[PDB]
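Any read-out appearing in this document is the output of simple, stated calculations on the displayed coordinates, not a laboratory observation. Methodologically, a virtual Cβ is constructed for each residue, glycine included, from the backbone with ideal geometry; neighbour enumeration extends over all protein chains shown.
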Amino acid sequence: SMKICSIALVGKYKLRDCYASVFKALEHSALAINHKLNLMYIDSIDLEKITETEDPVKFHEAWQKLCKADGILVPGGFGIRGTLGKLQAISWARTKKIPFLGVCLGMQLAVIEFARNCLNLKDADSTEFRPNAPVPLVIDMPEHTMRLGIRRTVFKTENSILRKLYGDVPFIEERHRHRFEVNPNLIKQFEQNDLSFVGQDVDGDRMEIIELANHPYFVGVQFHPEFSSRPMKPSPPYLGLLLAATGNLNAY
């Protein structure tokens, strides 16, 4: 039999059909390192204060799942829905050193959470949700419509866990679906703190990969890396998650 790795998926639901690629990419990585995947699904809303007040049994069910997780994933579903609970899950993974991966909106929320609790900009927000937000950290930046199809992402440095997992290539190609980006006006406030923008679009206007220093594996990604995962080449961001979740990251 096989050793179990438990991953918490913090989204909208059990397995529903739109998580199909995410599941497959997680399976390839688990099988690759010889573990049975135990995917625990959390409805983001269940982690929030509101649910403690109104449905405490559910709240504690959700928090027990998050707390026993070897690794944590915030996939790139869309919506204002359960945004608050996703932020709670990201703080947990950050402060408690749990391996973490944020895809698309997941990356954007990790950026916000970091500004809020490590850079102390308490009102940092996304204009997707409050269009008039006083501290517009995440903004509407469309290609003059949405950034779509297979696109290039270029590494900005050689000290990067994702670069290494991707085989030391100076650039990668993945599938995109996003128009809300990190605000270039606020990038400077991140210097000499632990969160780095490690990846960029070709134009250099969009931050698309983030990594956190002094954490075993805390990775954010703007594109959807599931869409090129395969059994003999697991999507590297997902493979990193599983490697870290089982303590095998160095060895590889």
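Subtract the Cα-Cα distance of residue 154 and residue 248 from 0.36 nm times their separation in residues, and report this length gain in nm to one decimal.
So the extension gain works out to 31.2 nm.
Mind scanning 58/97; 14/58; 156/233; 12/58; 49/96 and naming the pairs with a C-alpha gap bigger than 22 Å?
As for pairs spanning more than 22 Å Cα to Cα, those are 58/97; 156/233.
Using 0.36 nm per residue of separation minus the Cα-Cα distance, give me the extension gain between residue 145 and residue 213 in nm, one decimal.
21.1 nm
If R₀ is 22 angstrom, what is the calculated FRET efficiency for the pair residue 20 and residue 41, using the beta carbon separation as r and rounding to 0.05?
E between residue 20 and residue 41, to the nearest 0.05, is 0.95.
Quick check: Cα centre of segment 1-71 to Cα centre of segment 125-141, how many Å?
29
Taking H placed 1.01 Å from N in the peptide plane, check which residues at least 5 places from residue 207 or on another chain put their amide H under 5 Å from its amide H.
For residue 207, whose amide H was placed from the backbone, the distant partners under 5 Å are 182.
Please report 29, 229 as a ranked list, fewest other C-beta atoms within 10 angstrom at the top and most at the bottom.
Arranged by neighbour count, lowest to highest, 29, 229 become 229, 29.
Starting from the Cα gyration tensor of segment 1-111, take the square roots of the eigenvalues, sort them a ≥ b ≥ c, and report rounded, prolate or oblate (rounded when a/c is under 1.5, otherwise prolate if a/b is larger than b/c, else oblate).
prolate
Residue 232 versus residue 130, label points 7 Å from Cα toward the beta carbon: distance in nm?
The answer from the label model is 5.2 nm.
Can you give me the Kirkwood hydrodynamic radius for the chain, using every pair of distinct Cα atoms, in Å to one decimal?
Taking the inverse mean of 1/r over all distinct Cα pairs, the chain comes out at 18.3 Å.
Separation of segment 183-252 and segment 147-171 by C-alpha centroid, Å?
9
Find out how many positive minus negative residues lie around residue 69, taking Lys and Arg as positive, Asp and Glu as negative, among other residues whose Cβ is under 13 Å from that of residue 69.
Charge balance in the 13 Å sphere: +3.
What's the local net charge at residue 234, with K and R +1, D and E -1, over the other residues with C-beta under 11 Å away?
Spelling it out: positives minus negatives among the neighbours equals +1.
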